[PDB]
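the sequence isn't on hand, but the structure is:
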Ligand SMILES: OC[C@H]1O[C@@H]2O[C@H]3[C@H](O)[C@@H](O)[C@@H](O[C@H]4[C@H](O)[C@@H](O)[C@@H](O[C@H]5[C@H](O)[C@@H](O)[C@@H](O[C@H]6[C@H](O)[C@@H](O)[C@@H](O[C@H]7[C@H](O)[C@@H](O)[C@@H](O[C@H]8[C@H](O)[C@@H](O)[C@@H](O[C@H]1[C@H](O)[C@H]2O)O[C@@H]8CO)O[C@@H]7CO)O[C@@H]6CO)O[C@@H]5CO)O[C@@H]4CO)O[C@@H]3CO
Ligand SMILES: OC[C@H]1O[C@@H]2O[C@H]3[C@H](O)[C@@H](O)[C@@H](O[C@H]4[C@H](O)[C@@H](O)[C@@H](O[C@H]5[C@H](O)[C@@H](O)[C@@H](O[C@H]6[C@H](O)[C@@H](O)[C@@H](O[C@H]7[C@H](O)[C@@H](O)[C@@H](O[C@H]8[C@H](O)[C@@H](O)[C@@H](O[C@H]1[C@H](O)[C@H]2O)O[C@@H]8CO)O[C@@H]7CO)O[C@@H]6CO)O[C@@H]5CO)O[C@@H]4CO)O[C@@H]3CO
Ligand SMILES: [Ca+2]
Ligand SMILES: [Ca+2]
Ligand SMILES: [Ca+2]
Ligand SMILES: [Ca+2]
């Protein structure tokens, strides 16, 4: 091995909140060496060695007096010497105060390999382990940063204000590299997507179009082809000494009064799958590495927040420190954790400000609202139930378990579950109810690329490939192009028009962003709720039945206060409310009304 | 009415905690009367009239210096005088400190009409509105107090330490009188069961056998044939002016940040059914009436606690005061409320000690554990799921939501749900798992009469009559008799023997009453947990599969600590624990081990 092979992070910033910076340096016999530097405001702490001669950890304290600039770090030993030009960048104006995504935003989610192939020439990159195959469901299809940038106007035009791509960091695996969740280099965009600079450009171009960029980060695991696995930095860098020991996924074990330590350890240290080595975040070097790397991406790429994969599969004490560190840098940031449970208590445990039975504390601002999504999908698919919507109402009534339910991400779907339209039984009328719900709940809405044209999938069990079909129009030669509208069926186009209509309308509705919610218990699968404040009321009413239903309006008078009627935003029609609300089969109305005093 | 028709309560006690006593007096023109008395320690307050000339409410303050004895209350007006000799009883030594049922107890539940007909001559009582019909699923079959008393030896012999009969108070309805839930006289045992004195004797006879008596009380509603309904004490005594307005059962509306007042009012004021007028507990006279009546039954009948029907259908502020009053009189009492929801948060809201988001305070010690019973019934029924027991494990993990989860009542079944054996798919091995679970969880176990001989029912929906078939042996001429054993199948007798074996064993296992619980995440429908303290470990392992399973014991070493083997209490077989635990298809074992250091 030659010179200094990795220096991580490769550069930093003057004026960060946390003064400490730990460089992880990798090169042959770099551990046999002594570091030295001379730069005002930067102090070199003094070595703490690791037994592996191929790694050196350099501890710096960057005082508030340190100015932007650069300086040499010199490594000496064995009659030889190595050097690295270390740069402290100036921070952009307003960096620390950056506004994270919130209730006024709507997030559009893509998988970068499956969205748009702007450059077929990077589909394969010389030296990498996997060849592209657009005909393989688990293969690389060739989507890239160029293709994403090419279609930012489309995304912004649909009414979305944030872009969340699944991970773009290098995944140099022989198979299943496309999905991004098995990182082989946390400091490098996969060259098949483009360069680090292209990713920064993605953020800058999105910002020009009024959109933030949310990065998808994995903290718990890496891919087995990560360069670390060739020469473990420490014997405990990877859980179970770098050997495959599977997790059995007992997620409640970390937050259960009756838990066995075996089960909690198995949850946070167990390997997700054989190809995903599990990081030992109880090693402070590993903790520092991940904290610094994610801060590096936020600062370097101008991100508006993060989506955090496999949330509770990371060590709990590490998560407490990681969330504390990130939010201390960026107090207005948002980060949405993926805690995949349909149990409200299990999700709520992780949100900042929660008083937990075991004293567990967290600075995590947001989580994915799997419970409420599951409830609505059940309601809209189990159409033989008399009152399926009751599950949605009851789930929502548990919002008091969350410190900030308004800051949770509610979603139409994502890359891990059945397509939204398929989950609704390919029933367009019921699908409309899901879309209206998504855009009107007291949540941050997230929508999955392709759902706006009713892409379908299998519904039973688990079939990842089926959820991740290429976006129509993202590849040269596509017969249908959803970006231009060419070749869409009337129903596909109607779906896309409705998404554009609702999302753009939502951007302009403070009452949805921060108004109150009052809902009514569903009766015979009809449901009425209101978003309200002194300036506006929005009344949503859905009839989840293949028959007309009539609802006496006396029931809703604390919200209606004698309103004789209002205009339905969907149809433009005036709807009577004086004595009864008459709903057509399988209908939903979004009635706009004056304020509530 | 002849003079004074009703005086309620009809007598009271010297030396109660609350000094106030409010008498509700009923008779023609009694409202036109003025009350007077002279007895040391007893003060008559200032009259507060109601517009109904047939009722008078008399407020007394019984000072601690009032001795047991009697005094005339004289009612004078319009040139006449009426008298009532009022008695203050001496309280039994230790009355206030009576020990309520708790974790060391096991409750046997009966419906008095359906258990044992000790006296066929009271099946019909002259004057009453319903004739007995043993062949009608919703008719009176003739079970009575004599019958219950006859078989206390049997119930105690099974290992039960508490008897909970569904209500015995008068239900003089034209149809469906048998179930007890529609009271027509809160101060009188239905004459078809026996007299008030017979009910006291049931308590005293149960106590001689080491059993407490738990009364089933309805607070929210009465029956349409209650004598009040002929001449409403006040215009607002009954919600909605004494006219039927149905509840739609929006139970979460009383505990939901997004609730409509329409819904919360509809839950607490709405009539359960047309036949069940709803008590207006916001009227202080109604609140006082119910509180005093339930205290009267406890003090008079020597009860060990209460089971409180339709818990959240009563006014919330009333419930705070009711539970405060009861627990103030009897600080060690237990009362178990029926909040019929499978959602842990909805049930936990009501338990004494809970910190609620809305500041709601309750003094209710216990609730029915519908969530956990539902979880286990799902595990046992969902035979085509790889790991159904996971529901039970995750539900239990939520016990931190309850201030005192060990005080909750866990049940095999009851009069409102499918028979325990039917819920197990009539699979004796799965039934054994449910029984072991019931008897080893950190809960107060309750068992439904008839389940000890594997009585069966329909499985789907609500089918009350199916769950309430006559106890075999309760009627002269029965050809299957569970009391004697005559006509039971080998399997039915084995079930009965197992109930006896486990319930008597449980009585003498303090580790089950107050020990810790450590459970392990179920894997492939196998589940292992331990009850433990410094004195004992009890290991439960179950294999909910029709194939053998082999579980490496390394997993459980934090509890096993090298134990090489143990004896299964159930089969009496030795069970190896050294390296692997071999479980036969559909097996459950219960292994006692010495306490951990
Ligand atoms: O970064 C990894 C991974 O993380 C994110 O999502 C995960 C989440 O954090 C986990 O909590 C969990 O969440 C739920 C899951 O989505 C639900 O499906 C279900 O999980 C169980 C299923 O009910 C059940 O089917 C069970 O049984 C097996 C599957 O049936 C079987 O197909 C196979 O699964 C393998 C996949 O088929 C295969 O494609 C491959 O998956 C990879 C993904 O394609 C890739 O995107 C990434 O996944 C991310 C995910 O995108 C994040 O958002 O890596 C995956 C791993 O290589 O490998 C699968 C094996 O894991 O085998 C399973 C045996 O388990 O599966 C699970 C029980 O484990 O409920 C869960 C919570 O209730 O998983 C998700 C998704 O991985
Ligand atoms: O004191 C009253 C009652 O209280 C206790 O249990 C109740 C609990 O507290 C409530 O929260 C609620 O719980 C849910 C219930 O378990 C679910 O089953 C469901 O209820 C719906 C039914 O599923 C649905 O079928 C329909 O019900 C109709 C019946 O199908 C129909 O036959 C008829 O019902 C008559 C009964 O057949 C008949 O036996 C008699 O019922 C009386 C009970 O036998 C008697 O024990 C008592 O019930 C107690 C219960 O034992 C307590 O432990 O009073 C009953 C009379 O009220 O008479 C019935 C007619 O009067 O009619 C009904 C429609 O009225 O609709 C229901 C409700 O929508 O959801 C409930 C809420 O989530 O109820 C239980 C009682 O089941
Ligand atoms: Ca490409
Ligand atoms: Ca992990
Ligand atoms: Ca009788
Ligand atoms: Ca009521």
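Perfect, I can see it now. Numbering: from 1, shown residues only, chains lettered A, B, ... in the order given. Ligands and ions are numbered 1, 2, ... in the order given.

neighbouring contacts of stretch A:151-161?
With CB atoms under 8 Å, 6 or more residues apart in numbering or on different chains as the test, stretch A:151-161 has contacts from A:101, A:104-108, A:115-116, A:163, A:205-206, A:209-212, A:447, A:452, A:474, A:483, A:496, A:499-500, A:502-507. Every C-beta, even on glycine, is put in place using the N, C-alpha and C of the backbone.

ok, 6 Å please
The contact list for stretch A:151-161 (CB atoms under 6 Å, 6 or more residues apart in numbering or on different chains) reads A:105-106, A:108, A:116, A:205-206, A:209, A:211, A:483, A:499-500, A:503-504, A:507.

buried ones in that stretch?
For stretch A:151-161, the neighbour count (16 or more other CB atoms under 10 Å in any protein chain shown) marks A:151-152, A:154-156, A:158-161 as buried.

before we move on, what about stretch A:33-43?
Using 16+ other CB under 10 Å as the test for burial, stretch A:33-43 gives A:33, A:35, A:37, A:39, A:42.

tell me the domain ranges of chain A?
For chain A, the domain assignment from curated CATH domains gives the residue ranges A:1-90, A:97-515, A:516-595.

looking at the ones you listed, which is buried most?
domain A:97-515 (a mean of 20; mean count of other CB atoms under 10 Å in any protein chain shown).

would TSV of the contacts of stretch A:151-161 with distance to ligand 3 and secondary structure be doable?
Formatted as TSV, these follow (distance: CB to the ion, whole Å; DSSP: H, G, I helix; E, B strand; the rest coil):
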residue	distance to ligand 3	secondary structure
A:105	28	coil
A:106	27	coil
A:108	20	strand
A:116	9	coil
A:205	17	helix
A:206	19	helix
A:209	22	coil
A:211	22	coil
A:483	16	coil
A:499	26	helix
A:500	27	helix
A:503	28	helix
A:504	30	helix
A:507	31	helix
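
max pairwise distance over these: which two?
Longest distance between any two of the contacts of stretch A:151-161 is 23.6 Å, between A:116 and A:507; criterion CB to CB.

before we move on, back to that, now flag whichever of the buried residues of stretch A:151-161 is closest to ligand 6.
residue A:159 (46.4 Å; CB to the ion).

and for that closest one, nearest residue in space, chain neighbours not counted?
Take residue A:159 and drop its neighbours on the chain: the residue closest to it by CB to CB, 6 or more residues apart in numbering or on different chains is residue A:503, 2.6 Å away.

correct me, but that neighbour touches residue A:106?
Yes - using CB atoms under 6 Å, residue A:503 is in contact with residue A:106, at 5.4 Å.

report the contact partners of the residue of the stretch 51-200 of chain A found nearest ligand 6.
Residue nearest to ligand 6 within the stretch 51-200 of chain A (CB to the ion): residue A:103, separated by 37.6 Å. Shown in contact with residue A:103 (CB under 6 Å, 6+ apart): A:406, A:444, A:513.

secondary structure element holding it?
Using DSSP states H and E, residue A:103 sits in no helix or strand.

end to end, how far does stretch A:359-372 reach?
Stretch A:359-372 has an end-to-end distance of 26 Å (CA to CA, to the nearest Å).

what sits up against it?
Under the contact criterion CB under 6 Å, 6+ apart, stretch A:359-372 has outside partners A:320, A:323-324, A:327, A:334-340, A:342, A:344, A:347, A:350, A:352, A:395, A:407-410.

what's the closest non-adjacent residue to residue A:363?
Sequence neighbours aside, residue A:323 is the residue nearest to residue A:363 in space, at 3.7 Å (criterion: CB to CB, 6+ apart).

which SS class is the one you found?
Three-state assignment for residue A:323 (DSSP: H, G, I helix; E, B strand; the rest coil): helix.

please name the nearest non-neighbouring residue to the closest residue to ligand 2 within the stretch 51-200 of chain A.
In the stretch 51-200 of chain A, no residue comes nearer to ligand 2 than residue A:103, which is 33.0 Å away by CB to the nearest ligand atom. Computed as CB to CB, 6+ apart, the closest residue to residue A:103 that is not its neighbour in sequence is residue A:513, at 4.3 Å.

and the one you found, which of the three is it?
Judged by three-state DSSP, the three-state class of residue A:513 is helix.

who's sitting farthest from the centroid in chain A?
Distance from the centre of chain A peaks at residue A:79, with 49.2 Å (CA atoms, centre = their mean).

who's in contact with the closest residue to residue A:30 other than its chain neighbours?
With CB to CB, 6+ apart as the criterion, residue A:30 has its nearest non-adjacent residue at 4.7 Å, and that residue is residue A:56. Under the criterion of CB under 6 Å, 6+ apart, the neighbours of residue A:56 are A:25, A:30-31.

what about residue A:56, which SS state?
At residue A:56 the chain is in strand, as set by three-state DSSP.

wouldn't residue A:178 be in contact with residue A:113 here?
Yes - using CB under 6 Å, residue A:178 is in contact with residue A:113, at 4.3 Å.

overlap in contacts, the two.
residue A:140.

for the most centrally placed residue in chain A, give me phi and psi.
In chain A, the C-alpha nearest the mean C-alpha coordinate belongs to residue A:307, at 2.8 Å (CA atoms, centre = their mean). Torsion angles at residue A:307 (phi, psi; degrees, to the nearest 10) stand at phi -110, psi 130.

which residues touch it?
Listed by CB under 6 Å, 6+ apart, the contact partners of residue A:307 are A:164, A:214, A:216, A:336.

check residue A:162 too.
If you count contacts by CB under 6 Å, 6+ apart, then residue A:162 has A:101, A:105, A:107, A:212, A:214 around it.

residue A:37 now?
Counting by CB under 6 Å, 6+ apart, residue A:37 touches A:44, A:71, A:73.

what's the closest of these to ligand 3?
Ranked by distance to ligand 3 (CB to the ion), the contacts of residue A:37 are led by residue A:73 at 36.8 Å.

just confirm the closest one is within a strand.
Yes - using three-state DSSP, the assignment for residue A:73 is a strand.

what sits against it?
By CB under 6 Å, 6+ apart, the contact set of residue A:73 is A:35, A:37, A:84, A:86.

ok, so of these, who is nearest residue A:285?
Using CB to CB, the contacts of residue A:73 come closest to residue A:285 at residue A:35, 15.8 Å.

now do the same for the closest one: helix, strand or coil?
Applying three-state DSSP: residue A:35 is strand.

what's the nearest residue to it if we skip its chain neighbours?
Using CB to CB, 6+ apart, the nearest residue to residue A:35 is residue A:58, at 4.9 Å.
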